[PDB]
Amino acid sequence: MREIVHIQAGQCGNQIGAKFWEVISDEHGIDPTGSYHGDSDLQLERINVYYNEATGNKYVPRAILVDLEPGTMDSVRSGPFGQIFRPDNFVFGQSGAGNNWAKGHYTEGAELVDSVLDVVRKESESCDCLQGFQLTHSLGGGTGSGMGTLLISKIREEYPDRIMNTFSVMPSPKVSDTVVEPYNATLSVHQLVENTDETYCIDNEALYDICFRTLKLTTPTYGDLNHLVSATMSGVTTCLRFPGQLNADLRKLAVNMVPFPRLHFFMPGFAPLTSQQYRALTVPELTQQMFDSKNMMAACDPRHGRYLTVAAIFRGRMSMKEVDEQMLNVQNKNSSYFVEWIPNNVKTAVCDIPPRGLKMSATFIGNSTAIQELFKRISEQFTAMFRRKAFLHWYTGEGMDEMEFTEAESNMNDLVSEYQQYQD
Amino acid sequence: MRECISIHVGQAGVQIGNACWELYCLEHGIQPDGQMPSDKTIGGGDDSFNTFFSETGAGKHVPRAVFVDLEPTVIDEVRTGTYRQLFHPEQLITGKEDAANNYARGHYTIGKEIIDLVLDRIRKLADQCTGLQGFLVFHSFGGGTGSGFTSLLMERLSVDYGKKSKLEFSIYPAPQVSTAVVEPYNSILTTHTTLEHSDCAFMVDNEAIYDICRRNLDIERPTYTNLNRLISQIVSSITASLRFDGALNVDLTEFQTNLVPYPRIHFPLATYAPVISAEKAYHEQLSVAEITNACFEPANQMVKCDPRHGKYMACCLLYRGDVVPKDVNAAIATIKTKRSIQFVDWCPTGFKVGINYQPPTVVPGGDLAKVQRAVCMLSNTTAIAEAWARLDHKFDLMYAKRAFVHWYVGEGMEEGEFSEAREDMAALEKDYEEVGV
Amino acid sequence: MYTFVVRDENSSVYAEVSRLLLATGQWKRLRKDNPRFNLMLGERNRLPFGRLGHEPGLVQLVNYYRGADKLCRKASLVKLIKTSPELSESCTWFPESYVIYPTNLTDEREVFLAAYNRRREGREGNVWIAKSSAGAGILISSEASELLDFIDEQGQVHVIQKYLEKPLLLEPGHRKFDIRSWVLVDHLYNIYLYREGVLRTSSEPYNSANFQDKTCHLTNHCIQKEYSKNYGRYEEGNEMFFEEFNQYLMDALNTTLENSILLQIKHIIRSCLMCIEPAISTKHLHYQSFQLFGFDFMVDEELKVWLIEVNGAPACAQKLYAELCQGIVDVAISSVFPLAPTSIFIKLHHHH
Amino acid sequence: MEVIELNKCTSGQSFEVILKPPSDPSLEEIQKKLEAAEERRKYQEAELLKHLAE
Ligand SMILES: Nc1nc2c(ncn2[C@@H]2O[C@H](COP(=O)(O)OP(=O)(O)OP(=O)(O)O)[C@@H](O)[C@H]2O)c(=O)[nH]1
Ligand SMILES: Nc1ncnc2c1ncn2[C@@H]1O[C@H](COP(=O)(O)OP(=O)(O)CP(=O)(O)O)[C@@H](O)[C@H]1O
Ligand SMILES: Nc1nc2c(ncn2[C@@H]2O[C@H](COP(=O)(O)OP(=O)(O)O)[C@@H](O)[C@H]2O)c(=O)[nH]1
Ligand SMILES: [Ca+2]
Ligand SMILES: [Ca+2]
Ligand SMILES: [Ca+2]
Ligand SMILES: [Mg+2]
Ligand SMILES: [Mg+2]
Ligand SMILES: [Mg+2]
């Protein structure tokens, strides 16, 4: 057994995390009460990666729910699968973070972080061989962003040789709660550059454009965006939840995907995205969409940069020969967007169990230098306010100095430069 | 009678080893429970097959094999599989977490912590040997365990068994079935530290096995099972002389004598024929001349290259089935006049021939058709240097940017070992050029 | 959409093939180090054949035959002819030749002298020529002493072969010449002779009593345009094409180019290429090869054709680039990578 | 074309056909390698912990 400990922090983190356990619990035949009721042994093959087994053949997710206010987690507890979570794994305060990175990271968050670690330690001790950690959170708020990155820093201090993986929702003005999101995201990105091995960049702008333009949803809600996130998180973790040789565990994934330590921010993609919904999707169609920018969750044009590494996962009963053919047809027909100094940097994996309500699907995981576009948007919105010191008093009032912002600014601009040099 | 200990390291080594011992049992009439009816000496004896099997008082024939993997899911297949009874627990060694396709992680980090346990289990087998010949080590180039731990194991074996021969069966990385971008790093790293410790190594390119499986067996997308059953036939052809009565390659020392005049150039090219689909209606049995001529077709080699543009240093023909020396010499003569077979001026232009009358055994329900005769040619061509060139080139592309190097340094390996290993391969490529050009 | 790379920037022939491929809008050129290519227009020296055919799902094709240098190297050609049974030492269309290594380094010094002394004793014409692959450095002499001493002054392998003292001289002009033929060998090893050839004629009258002035003896397009004073007089650029050369043979000799010369040329091309076919064929290989060869022939006054050399990286006559390069794309590339006549080639059939 | 060293048994035979005549680190040194790598790993982790402690 090689266990993954899941952590979800803040409003976004807990809402997206809730849907994730909802979706994979269905795939593994687990019902809202933790009782297995599937019809295939492949469902229990890697079940212990994400689930603990209790008395009575009960499967309890190895999940830790964290927040600085009780609102969202109360929803999860009363949510569809809310009963399945270990009641001892809910850790929450009462003050909230006020969408303030400094509060999550230095004041309100600091007061709660040790109680989260106690639960993390309790979950780790019951692990045969802990693979590492995955964290769901947004970067534009205070709890998931500020306390989320504080947790990672302290998890790394205590488990320096475990893999740290995150699903990080980047803020966008098109789907914004407060104007300080660029501040919170830029402070967080520097934390992730240092202390995570893999970060799936989930851009709310891309999630919006997909819902509006592709899915034809007039007014997307957070629930609509989360449906895309739930599906994407299920795809990228398929290789971890079912048997296979390619990217089977977190460390092997990191070895194949990360050529340089700081460039570990991935663009995920999913297919199909259908709004004419019963039609069977052919392998050529899965491959074309999966590589199409309109299917990218990071709101970046891959044609503006180059792929360092690519991982693809195909789910369902399909022509494995026709998969290799189409995958090799995308590379040989667009090799100008794949770096030529990493041979055979496009890996493909196949899983028989498809997602709920789909004959077959394809999940895309790209380490593209085009991701620098995302960090450029954040940097520009950050500088536009920081040059006038706008809204800084919310942060100086929590003990922060302007110097820490200046260094976050430089750090993310260095990151953009490092991406630019490998694109040339 | 002198014993041979087989060592299977990593997933590739363990799964290939599992397929070989399946075939060995079928070839020697050994049953899954370990009982060998045709063996009349119960719980003892020094027959030819006893080089690979020991015997218990209860008449069980136990492989002289050690399985080593840093992660247990593969070796658990053996513990609960068809031939679970053949082995005892002390032979199957597994760890908790693997080398993550990281040579440094398997050689240094994890290797340092399990090496002494592995030598101990091997010593238990050596203590049962009245005259140990040496070891057969199955492993991949690309895996972190296959590459990393194997090279450490080969260093210690040279220390604890300085006078014993060591032969390798090594799986060369092929992107069509590969699972790691860094396998070129691991391949060169392990070849460098293992070179001076291996006497004879048989490289099998998964690309070659893959195409043979698609072209000759009509498997559209071959699996590891399809690959390993074909690979085990070739391995069986190579080790048959150790397990059956004969006079050619009857001990591990004879492999180096007959195939390796220059110690660093110890990578013989293997070619096998025929490979016939089991689903075929009914194939016309190829003759000694036809299967022999097939040993010079690039499509049947274990490594894709062009021997026409190299030079031979040695050449062994290992026939199994209905073959007589008269028909072999006839075919050989016919081939010299039709093929470009250039030997080195300092090596006699000759062929060593071995014939085992028992035709190739095929696993029931496998993909290979039963044939009346087959051959495996072992030839030391400079043409196999093409495989080193390809691999070295991929290494150069990534290392020029230091891509993925931090994973190795992070495990304690110094960056200089990269260039040290790559410079050794450069010298190896120069040695091939000096001999065949 | 097919992809190709370019690794020989100095090739005029394949510069036009590269330009033509792009014109079809169905071929895309990649950087010279991108391994994911359908076609390689490779370098002349040390082309990395060992790296071709190992990209999954890519049918790869190169414009050179590994091993074809055995035919396109001065000394290699002599060794191939004398040692191959298909050609034998009695090969009647190749001038008597010997491989001679400079003394500052097998070698055929003594065997050449034996044949030389025989001619000198027999009153026969005993003029020879010394050349090598490291030339623009050629020496024509009738004394064996000067020939051997000229090779020792150098440092590379040389070949001494009989000099055709009775060349066929075009009139008016009383001038030597040689014939260049372009031969394309595709991936299936079909041998295609370009219907168009060229005679690289000498503009200076042939003078048998003075091998010191090498302007009327060497018909190279460079020596005639540099040291020759009548360049471009009779024909534009010392290049006569088959239509003119044929009419001449009818007016002067009452024969045709086909019967008197082309039959022997086609025979020589087949013999040479069919000889090395088992050594260089890519029929059952992981990659495929084609290659364009330049065959150079001499014609004596008896209308007998002689083989002078074979070029593995030949240039083309300016007037024939367009038609020929289009022919390469048609039968050599697009035959393997089809696109979404009256052929310009003469297929030389043979047994495989 | 000469055959030599012919040997025959019940299970097969072998021979040779000539077509033409011709023309380590000690156990101690291994422990040092493994311990030097482990030392660099320990050193690198101490630098990370020092960084986190700051
Ligand atoms: N022919 C064949 N190749 C295999 C097999 N298993 C793995 N490989 C190849 O081996 C390489 C990967 O090495 P593995 O043996 O799987 O890795 P490992 O030795 O277990 O080391 P780690 O997993 O990193 O700890 C890839 O190139 C695979 O294609 C097998 O059963 N047969
Ligand atoms: N044996 C021989 N008898 C008569 N003339 C000869 C000859 N060998 C060479 N020549 C003359 O030399 C010229 C060809 O020289 P050669 O081909 O050996 O040099 P080269 O290879 O550098 C020119 P190319 O560009 O055709 O390769 C011909 O024009 C021919 O007239
Ligand atoms: N995709 C998605 N984004 C969210 C959700 N909830 C909040 N966000 C985004 O997250 C940021 C606000 O952070 P939030 O998680 O609410 O703050 P926190 O509770 O302090 O961690 C903004 O960029 C929001 O657009 C959600 O359910 N889904
Ligand atoms: Ca407080
Ligand atoms: Ca016995
Ligand atoms: Ca040794
Ligand atoms: Mg909120
Ligand atoms: Mg493994
Ligand atoms: Mg020339």
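How was it done? The header gives X-ray crystallography, 2.3 Å.
The backbone N, Cα and C atoms fix where each Cβ goes, and this holds for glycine too.
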Query raised in the report: Swiss-Prot has B:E71, B:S140, B:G144, B:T145, B:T179, B:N206, B:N228 down as binding GTP; which of B:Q11, B:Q285, B:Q301, B:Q342 does it also list for that site?
Result: B:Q11
**Report entry** Candidate with sparsest Cβ neighbourhood (10 Å radius) among B:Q11, B:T145, the listed binding-site residues
**Finding:** B:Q11
Report summary line: recorded positions B:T145, B:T179, B:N206, B:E254, B:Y282 with CB under 8 A of any chain A CB, in sequence order, are B:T179
Report summary line: CA pair B:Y282 (3'-nitrotyrosine) / B:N228 (GTP binding site), Å rounded to integer, equals 24
Query raised in the report: Near B:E254 (active site), how many other Cβ atoms are within 10 Å of its Cβ?
Result: 19
Query raised in the report: Can you tell which of the modified residues B:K40, B:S232, B:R339 lies nearest to B:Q11 (GTP binding site) in space, using Cα positions?
Result: B:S232
Report summary line: Across all protein chains shown, the recorded positions B:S48, B:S140 give the max Cβ-within-10 Å count at B:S140
Query raised in the report: B:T179, B:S232: which of these recorded positions has the sparsest Cβ neighbourhood within 10 Å?
Result: B:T179
Query - Structural state of B:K40 (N6-acetyllysine), classified by DSSP into three states - result: coil
**Report entry** Integer Å distance between the CA atoms belonging to B:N228 (GTP binding site) and B:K40 (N6-acetyllysine)
**Finding:** 32
Report summary line: Smallest Cα-Cα separation from B:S140 (GTP binding site) among the recorded positions B:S48, B:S232, B:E254, B:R339 is shown by B:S232
